[PDB]
Every structure is written in structure tokens, then in C-alpha cells.
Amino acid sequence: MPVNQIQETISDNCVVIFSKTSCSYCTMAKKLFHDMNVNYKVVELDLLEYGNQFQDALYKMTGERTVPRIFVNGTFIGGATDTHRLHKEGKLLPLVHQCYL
């Protein structure tokens, strides 16, 4: 069940980016975490056999189906635009640090 695997992945990784391989928003979100020296897990929905079902479950969980859907410490933070805003505000690295602490 995709909803289970989603929950498993976000619980087992500090940062998860549900992504597609040719999405410019996703590339930007990867770039942001990379530039912060934060390790992330990428799930490429376009390469998964049931990625459509994953995208459905991400809609049900988060309220929207667009990629990227980004989780930090098991908490949905937004898409690419939200993540950049949270980073600009100094809200993102504290969430990353809760993970470890």
C-alpha cells in the first residue's frame, strides 16, 4: 500500500523529496538541500511502477498532488516554493535539527 510506504520512508529519513526526474521545481528543491549540506532521500515518482498511486496518496495526505512533496522530520513542509520561503525565513534548518536531536 503506497500510503504505508510513504509513511515508512518519511519516518526513516530526515528529509524526503517526492519528486519527478524532469521537474524543474524538484531540481531546485534538491539544489537547496544540497547547498545546505543536508542529506535527503529522493523518491522519483515517474520511475516507480505505481507512482500514480503514490501521487494519489500524497494528495490525500498533503492536500495537493504536485511534485515535489517535501517532508522534514516526518512533517510535510510544502512544495519547492514553500521550502524556499521557509529556508529564506530560517525555519527549515531547525526542523532538520529536530530530526537528529
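Residue indices: 1-based, along the sequence shown.
Averaging CA B factors per stretch from the PDB record, which one is higher: 88-96 or 6-14?
The recorded data point to 6-14.
Chain third (lowest, middle, highest) by recorded CA B-factor, residue given as residue 38
Bottom third by C-alpha B-factor.
Residue 62 CA temperature factor, ranked by third within the chain:
Within its chain, residue 62 is a lowest-third residue by C-alpha B-factor, going by the deposited values.
So where's residue 52 on the chain's Cα temperature factor ranking, which third?
Middle third, going by the recorded CA B-factors of the chain.
Chain-wide C-alpha B factor ranking for residue 28, given as lowest, middle or highest third:
Within its chain, residue 28 is a highest-third residue by C-alpha B-factor, going by the deposited values.
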